[PDB]
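First to last, the protein sequences are chains A and B.
Numbers given in this note's numbering equal positions in the first sequence, counted from 1, plus 5.
Numbers given in this note's numbering equal positions in the second sequence, counted from 1, plus 5.
From the three backbone atoms N, C-alpha and C, an ideal C-beta is built for every residue, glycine too.
Heads up: the structure comes next, in C-alpha cells.
Number of protein chains: 2
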Amino acid sequence: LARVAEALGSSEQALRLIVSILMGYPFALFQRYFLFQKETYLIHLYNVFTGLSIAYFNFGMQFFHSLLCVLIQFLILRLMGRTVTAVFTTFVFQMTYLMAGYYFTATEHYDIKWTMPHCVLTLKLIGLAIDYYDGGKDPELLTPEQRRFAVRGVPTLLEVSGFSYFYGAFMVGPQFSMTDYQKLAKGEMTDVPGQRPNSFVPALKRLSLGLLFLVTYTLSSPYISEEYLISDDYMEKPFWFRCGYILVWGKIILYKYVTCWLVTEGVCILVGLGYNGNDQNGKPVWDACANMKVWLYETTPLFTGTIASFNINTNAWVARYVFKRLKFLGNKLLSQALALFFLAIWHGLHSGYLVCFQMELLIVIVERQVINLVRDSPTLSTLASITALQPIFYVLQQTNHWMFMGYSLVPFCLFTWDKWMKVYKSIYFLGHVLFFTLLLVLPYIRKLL
Amino acid sequence: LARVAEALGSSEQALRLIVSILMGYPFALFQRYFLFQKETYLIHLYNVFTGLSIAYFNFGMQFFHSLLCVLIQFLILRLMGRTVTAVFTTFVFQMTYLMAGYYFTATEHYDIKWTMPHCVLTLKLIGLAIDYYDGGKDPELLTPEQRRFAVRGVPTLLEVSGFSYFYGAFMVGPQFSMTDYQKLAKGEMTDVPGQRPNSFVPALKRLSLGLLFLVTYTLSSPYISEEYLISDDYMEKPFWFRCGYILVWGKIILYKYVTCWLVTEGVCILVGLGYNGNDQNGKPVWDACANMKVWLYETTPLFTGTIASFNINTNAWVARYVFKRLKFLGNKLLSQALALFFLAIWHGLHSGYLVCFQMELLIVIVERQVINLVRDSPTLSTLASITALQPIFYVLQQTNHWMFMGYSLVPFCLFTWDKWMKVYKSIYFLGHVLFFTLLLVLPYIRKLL
Ligand SMILES: CCCCC/C=C\C/C=C\C/C=C\C/C=C\CCCC(=O)SCCNC(=O)CCNC(=O)[C@H](O)C(C)(C)COP(=O)(O)OP(=O)(O)OC[C@H]1O[C@@H](n2cnc3c(N)ncnc32)[C@H](O)[C@@H]1OP(=O)(O)O
Ligand SMILES: CCCCC/C=C\C/C=C\C/C=C\C/C=C\CCCC(=O)SCCNC(=O)CCNC(=O)[C@H](O)C(C)(C)COP(=O)(O)OP(=O)(O)OC[C@H]1O[C@@H](n2cnc3c(N)ncnc32)[C@H](O)[C@@H]1OP(=O)(O)O
Ligand SMILES: CCCCCCCC/C=C\CCCCCCCC(=O)OC[C@H](COP(=O)(O)OCC[N+](C)(C)C)OC(=O)CCCCCCC/C=C/CCCCCCCC
Ligand SMILES: CCCCCCCC/C=C\CCCCCCCC(=O)OC[C@H](COP(=O)(O)OCC[N+](C)(C)C)OC(=O)CCCCCCC/C=C/CCCCCCCC
C-alpha cells in the first residue's frame with residue numbers, strides 16, 4: 006500500500022489529488038450511460054453524493070466547513086433576496102471565512118489541503134450572489150449580454166447544493182455560471198448535437214494532450230530544482246548564469262498548473278456542459294468551458310497576449326464581476342488596482358502575491374504605453390514599416406517576455422520576505438529599475454516625437 | 006534631575022506628557038498679550054514652531070513621520086481637488102499609515118508615544134479632506150448646517166501646516182473644523198465679546214476642576230490596583246467580591262482620561278476658539294469646544310445618556326462624517342455596525358477593542374428596545390405611571406449601569422486574548438448571557454402585551 010504510494014518520489018497528498026481528479030471519468034460515463042431519468046432530484050443527489058465522497062477521500066475531517074458555508078450562504082440568500090445589504094453581507098462573510106482559513110492554516114511550501122476547494126467554492130458562490138442580486142433589476146436591455154447570463158429569481162432550495170458540489174469542477178476546475186447548470190439539470194443542454202456526440206474527438210484529444218504535458222513535466226522535474234535558488238553552491242559566482250536559470254525556470258513551473266487544468270476540461274466535455282452552439286459552417290464548437298488555448302499561449306510575443314490566453318475563466322470572471330460593477334469611480338487605474346488587489350487577497354499568504362501582482366500591473370501599463378506610442382508617430386512609423394527583414398520581430402523580441410515572466414514569478418513560489426529578498430537582491434533588482442527608467446523616459450521622447 | 010523625575014512613582018513619559026500639556030498656558034498668554042499683528046503668516050509660523058517644539062520635547066526622533074504625512078496629504082490634495090478618487094485615496098493612505106504604525110509598534114501596557122498624536126492628526130486630516138470634497142458641490146441648501154461648516158475651496162498652501170500642528174489640541178485635544186481656524190487666524194473670531202474677556206470665570210474654573218479630578222485620581226490610585234485582576238490571591242474564592250470590585254473599578258479608570266481632556270479645554274478657552282455666540286439672555290456661551298459635561302456625565306441612569314455626554318467631539322465627528330455620508334445602504338444597523346467597526350480599527354491593537362465595541366452595540370440596541378417598549382403598552386403604562394414612590398427610579402436602576410460599564414470596559418484595559426479570557430471567564434460570562442436572554446425574551450412579551 007504505502008510502499009508503492011511514495012515509491013516514485015511522490016507525497017501521499019499529490020497522488021491522492023491526481024487520482025481524485027482522474028476518477029471523474031467513470032462517474033461521467035455512468036451518468037451519460039443512464040440519462041433516461043426524467044426527475045432532477047436524482048441528478049442533484051448524485052452530484053452531491055459524488056462531491057461529498059471525493060471530499061471525504063481527499064481529507065475526511067474538514068468537508069463540514071464547506072458544507073456549513075454553503076448552508077449558511079443559501080440560508081441568508083433566502084431572506085432579503087434582492088436587498089443591496091445581502092450582497093455586501095455575503096461578500097464580507099465569505100471573504101473573512103477564507104481569510105481566517107488562511108490565517109489559521111499557515112502553510113509552508115504548497116501543502117495541498119481544504120484551502121483550494123474552499124477558495125474555488127467561495128468565489129463561485131460570491132458570483133452566484135452577484136448574479137442573483139442583478140437578476141432582480143428591471144428587464145430592460147442592461148448590457149444585453151446579461152439576460153442570457155443572469156438568473157430570473159427562480160427558487161433555489163436544492164439546486165444550490167448540487168451546483169456547489171459538482172464532481173467535475175471541484176478542485177481546480179472551471180467556474181461556470183448558474184443558468185447553464187440549470188439547463189444541464191433537466192436535460193435540454195443539447196437536444197441532438199451532443200446526446201451521443203462526441204466523446205471521441207474532443208475528450209480523448211484533451212486527455213492525450215494533458216498526459217503529454219504531464220509526462221514532459223515529470224521527465225523535466227528532477228533535472229531542475231527550486232531550492233537551488235536559495236543555495237549558494239556555485240550560483241552567486243556568475244551573473245549571466247542566474248538570468249539564464251531564471252529564464253529556463255518559470256517556463257517549467259507553469260506546466261505544473263497546465264496539465265491539471267487540461268485534464269479537468271476533459272470531464273466537462275464528457276458531460277456536455279461545454280456546448281455553446283455552432284459556427285457559421287454548422288459544426289458544433291466546444292471551446293466554451295476551455296481554460297487554456299492550444300497554441301496562442303506559447304507563441305505570443307506581446308505581454309498582453311498572455312493574460313488573454315493563460316486562464317480564460319478566472320480572468321473573464323474578474324473582468325465581468327469587478328470592472329463592470331465598479332464604474333462609479335472616475336478612474337480606470339483605480340478600478341484595475343482594486344481588481345488586482347482583490348485577486349491578490351484571494352490567495353495571498355504574506356507578501357509574494359502582493360509584489361507579484363503589483364509588478365504585473367507595472368508590465369501591463371508599460372506594454373500598453375509602448376504599443377500606443379508605436380505606429381502613432383510621424384517619423385517612427387516609417388522605421389517600424391521596414392518589413393523586408395524583421396530582426397526585432399524575431400527571437401530578439403522574445404526571450405525577454407519569458408525572462409520578465411520568471412522575474413515576476415519568483416515571488417510567487419517563495420512567499421516569505423527573507424527567502425524572497427535574499428534570492429531577489431542578487432539579480433540587482435533589474436526589472437524594477439529598468440521599467441522605472443523606461444516609464445520615466447517614454448513620456449519625454451513621446452512629446453519630442 | 007532624574008532623582009525627582011521618578012520619585013513620586015511616575016514614569017519618565019507620563020511626567021513629560023503632563024508637563025507638555027500644562028506648558029500650553031504660557032504660549033496662549035504670550036499670543037493673547039501680543040495680538041496687534043495684522044499678518045497671518047506670523048501666527049501660522051508661531052503655531053508651527055510651538056507644535057514642532059512640543060513634539061521634539063516629547064520625543065525627538067519621530068516627528069518627521071507626521072511632518073511627511075501632512076506634507077504628502079496637502080501635496081495630493083493640491084491635485085485632483087474635487088475628484089471622488091482623491092477622498093478615497095487619502096482615506097486609504099492615512100488608514101494604512103496608522104495601521105502600519107500600530108503593527109510595527111506592538112505596545113504592551115500603554116507606552117505613551119507617537120501613536121496618539123499621529124492618530125489625532127490623521128483623523129482631523131481625513132475630516133479636512135471630506136470637508137474639502139464636499140465644499141466643491143452645488144451651493145444649494147444641502148442640509149443647511151453644512152455651509153457654515155464646509156470650506157469654500159479657498160487656497161490652502163500654508164494654513165494646513167498651522168492647522169495640523171496647533172499647540173493646544175495636539176496630544177488629546179479637541180478636533181475643531183477648518184473654517185473656525187481660518188476665522189481665528191486673521192482675527193475676527195470675537196470682535197468685542199472676547200478680546201479682553203474672559204480668562205477669569207471659564208478658564209480658571211476649568212483648570213481648578215481638572216486639578217480636583219487629578220488629585221482625586223492620584224489619591225485613589227495606589228489604594229486600588231489593576232494587576233489584581235490577573236492575580237489569584239484571594240480573588241477567585243468569593244463571587245460577589247469580584248462583581249463589587251469590577252463595579253468599584255471602571256469608575257476609577259475613566260477618571261484617568263477625564264482630567265486630561267478638561268485641562269486641555271482650558272487652553273482653548275484662553276485662545277478664544279470656543280466662542281460660538283450668545284444665548285437669549287445675551288450672555289456669551291463658551292460650551293462649544295467642550296469635551297465633557299459638568300454634571301450630566303455622572304448623574305444619568307440611562308445607557309444612552311452617557312454616549313451623548315462622555316466625549317462630545319469624537320462622537321459628533323463620527324456621527325457627522327459616517328452616518329450622514331453612508332445613507333445609500335438601506336439598513337440603519339449596517340451603518341451603525343460600520344461606524345463602530347471603524348472606531349474600533351481607529352485604535353484597535355488585537356482583540357479587546359473589537360469585543361468591547363460589539364458589546365457596546367449590544368447594550369445600545371437593548372436599551373433602545375426596552376425604552377421603546379415602556380410607555381407604549383395598554384397595561385404596562387399604568388404600572389409605570391406609579392409616581393408616589395419610585396424604588397425602580399432609585400438606586401435600583403443605577404448600580405447596574407456602572408456594573409455593565411465595567412464589564413464592557415475590562416477588555417479595553419487588557420487587550421490580549423489570554424489575560425482577557427482568563428479574567429473574563431471567572432465572572433461566568435454574565436453580561437452576554439443575560440442580555441442574550443433579555444433580547445430573546447422581550448419580543449415575545451411585547452407581542453403578548
Ligand atoms: C505578461 C503580463 C503578465 C505577466 C505575469 C506577471 C505576474 C504573473 C502573475 C501571476 C502569474 C503566475 C501564476 C498564475 C497561475 C495561477 C495563479 C492565479 C493568478 C491568475 O491566474 S491571473 C493572471 C493575471 N491576472 C489578472 O487579473 C490580469 C488580468 N486581469 C484584468 O482585470 C485585466 O485588466 C483584463 C485584461 C481582464 C482587463 O483588460 P482591459 O483593460 O483591456 O479590458 P478592456 O479595457 O478591454 O474593457 C473595456 C471595459 O472597461 C470598462 N471601463 C472603462 N472605463 C472604466 C473605468 N473608469 N472604471 C471601470 N471600468 C471601466 C468599460 O466598461 C469597458 O467595457 P466594454 O467592453 O463594454 O467597452
Ligand atoms: C452605556 C452605553 C455605552 C457603554 C460603554 C460600553 C463600552 C465602552 C466603549 C468605550 C468606552 C471606554 C473608553 C472610552 C474613552 C476613550 C476611548 C475612545 C472611545 C470613545 O470615546 S466612543 C464611546 C462610544 N462610542 C460610540 O461611537 C457610540 C456612539 N457612536 C454613534 O455613532 C452613535 O450611534 C450616535 C449616538 C452618535 C448616533 O446615535 P443615534 O442613532 O441616536 O443618531 P440619530 O438616530 O438620532 O440620528 C438620526 C440620523 O440617522 C440618519 N439615518 C437614518 N437612517 C439611516 C440609515 N438607514 N443609514 C444611515 N443613516 C441613517 C438620519 O440622517 C438622521 O439624521 P437627522 O438628525 O437629520 O434626522
Ligand atoms: C510603497 C511601499 C513602501 C514599503 C514600506 C516599507 C516598510 C518597512 C519599514 C520599516 C521597518 C523597520 C522595522 C523595525 C523593527 C521591526 C522588525 C520587523 O518586524 O521587520 C523585520 C524586517 C527587518 O528585519 P530585522 O530587523 O528583523 O533583521 C533581523 C535579522 N534577521 C535578518 C536575522 C531576521 O523589516 C523589513 O525589512 C520589512 C521588509 C518588507 C515587509 C513588507 C513587504 C513590503 C510590501 C511591498 C508591496 C506593496 C504594494 C502594495 C500595493 C499592491 C497593489 C497590487
Ligand atoms: C461570531 C464570531 C465567532 C468567533 C470565531 C472563533 C475562532 C476561533 C477558532 C478555532 C481556533 C482553533 C485553532 C487551531 C490551533 C491554532 C492556535 C492559535 O493560533 O489560536 C490560539 C487559541 C487556542 O489556544 P492554544 O491552542 O494555542 O492553547 C495552547 C496553550 N496555551 C494556552 C498555553 C497557549 O485559539 C483561540 O482560542 C482563539 C480565541 C479568540 C481569538 C479571536 C477573538 C474572537 C473575536 C471576537 C469578536 C468578533 C466581533 C466582530 C464584529 C465586530 C463589530 C463591532
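{"Item": "Which residues does DSSP list as the beta-bridge partners of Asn283/B?", "Value": "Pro289/B"}
{"Item": "Could you give the distance in angstroms between the alpha-carbon of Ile391/A and the alpha-carbon of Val379/A?", "Value": "13 Å"}
{"Item": "Using alpha carbons as the reference points, say which of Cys361/B, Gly215/B, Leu401/B, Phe398/B lies closest to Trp422/B.", "Value": "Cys361/B"}
{"Item": "Does any CB atom of chain A fall closer than 7 Å to the CB of residue 3/B?", "Value": "The shown model of chain B, from 6 to 454, leaves out residue 3/B, and the question about it has no answer."}
{"Item": "Within 7 Å of any Cβ in chain A, is that where the Cβ of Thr90/B sits?", "Value": "yes"}
{"Item": "If I follow the unbroken alpha helix (DSSP H) through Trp425/A, where does it start and stop?", "Value": "422-430"}
{"Item": "Determine which residues of the segment 314-347 of chain B have a Cβ less than 7 Å from any Cβ of chain A, and write them out in chain order.", "Value": "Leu334, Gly335, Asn336, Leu339"}
{"Item": "Quick check on this structure: which residue in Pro383/A, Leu444/A, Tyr449/A, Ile312/A has the alpha carbon closest to the alpha carbon of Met410/A?", "Value": "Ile312/A"}
{"Item": "Using 6 Å as the cut-off, classify the Cβ of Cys361/B as near or not near the heavy atoms of ligand 2, replying yes or no.", "Value": "yes"}
{"Item": "Look at the alpha carbon of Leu275/A and the alpha carbon of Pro207/A, and state the distance between them as a whole number of angstroms.", "Value": "9 Å"}
{"Item": "With respect to the alpha helix (DSSP H) encompassing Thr90/A, which residues constitute its N-terminal and C-terminal limits?", "Value": "89-110"}
{"Item": "So the candidates are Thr184/A, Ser386/A, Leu331/A; which of them puts its Cα closest to the Cα of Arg152/A?", "Value": "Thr184/A"}
{"Item": "Please tell me whether, using a cut-off of 6 Å, the distance from the CB of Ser16/B to the nearest non-hydrogen atom of ligand 3 is below it.", "Value": "no"}
{"Item": "Quick one: using the 10 Å Cβ neighbour count with 16 as the cut-off for buried, is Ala134/A buried or exposed?", "Value": "buried"}
{"Item": "In whole angstroms, what separates the C-alpha of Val24/A from that of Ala60/A?", "Value": "12 Å"}
{"Item": "What's the C-alpha gap between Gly167/B and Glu44/B?", "Value": "14 Å"}
{"Item": "Please return the same chain residues whose Cβ sits closer than 7 Å to the Cβ of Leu20/A, not counting the five positions on each side in sequence.", "Value": "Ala10"}
{"Item": "Using a Cβ-Cβ cut-off of 6 Å (strictly less than) and excluding sequence neighbours within five positions of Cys273/A, which residues of its own chain qualify?", "Value": "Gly173, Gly279, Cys294"}
{"Item": "Let's test the definition: count the other Cβ atoms within 10 Å of the Cβ of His123/B and tell me whether it reaches 16, buried, or not, exposed.", "Value": "buried"}
{"Item": "Is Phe308/A near ligand 1, judged by its Cβ being under 6 Å from some heavy atom?", "Value": "yes"}
{"Item": "Determine the DSSP secondary structure at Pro416/B, reduced to helix, strand or coil.", "Value": "helix"}
{"Item": "With the cut-off set at 7 Å, would you say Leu6/B and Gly255/B are in Cβ contact?", "Value": "no"}
{"Item": "Is the beta carbon of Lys430/A less than 7 Å from the beta carbon of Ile235/A?", "Value": "no"}
{"Item": "With a Cβ-Cβ cutoff of 7 Å, do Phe417/B and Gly357/B count as a contact?", "Value": "yes"}
{"Item": "By a C-beta neighbour count over all protein chains shown, 10 Å radius and 16 as the cutoff for buried, is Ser16/A buried or exposed?", "Value": "exposed"}
{"Item": "State yes or no: is the C-beta of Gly271/B within less than 7 Å of the C-beta of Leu212/B?", "Value": "yes"}
{"Item": "Measure from the alpha carbon of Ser382/A to the alpha carbon of each residue in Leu13/A, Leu454/A, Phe328/A, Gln36/A, then state which is nearest.", "Value": "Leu454/A"}
{"Item": "Considering only heavy atoms of ligand 1, does any lie closer than 6 Å to the CB of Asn320/A?", "Value": "yes"}
{"Item": "In chain order, what residues of the same chain lie with their CB nearer than 7 Å to the CB of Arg87/A, ignoring the 5 residues before and after it?", "Value": "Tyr138, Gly141"}
{"Item": "What residue does the alpha helix (DSSP H) around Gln363/B start on, and which one ends it?", "Value": "357-378"}
{"Item": "Could you tell me whether the segment 217-234 of chain A touches the segment 246-262 of chain A, using the rule of 3 or more Cβ pairs below 8 Å?", "Value": "yes"}
{"Item": "Can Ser169/B be considered in contact with ligand 2, in the sense that its beta carbon sits closer than 6 Å to one or more heavy atoms?", "Value": "no"}
{"Item": "Less than 6 Å between the CB of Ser182/B and some heavy atom of ligand 3, yes or no?", "Value": "no"}
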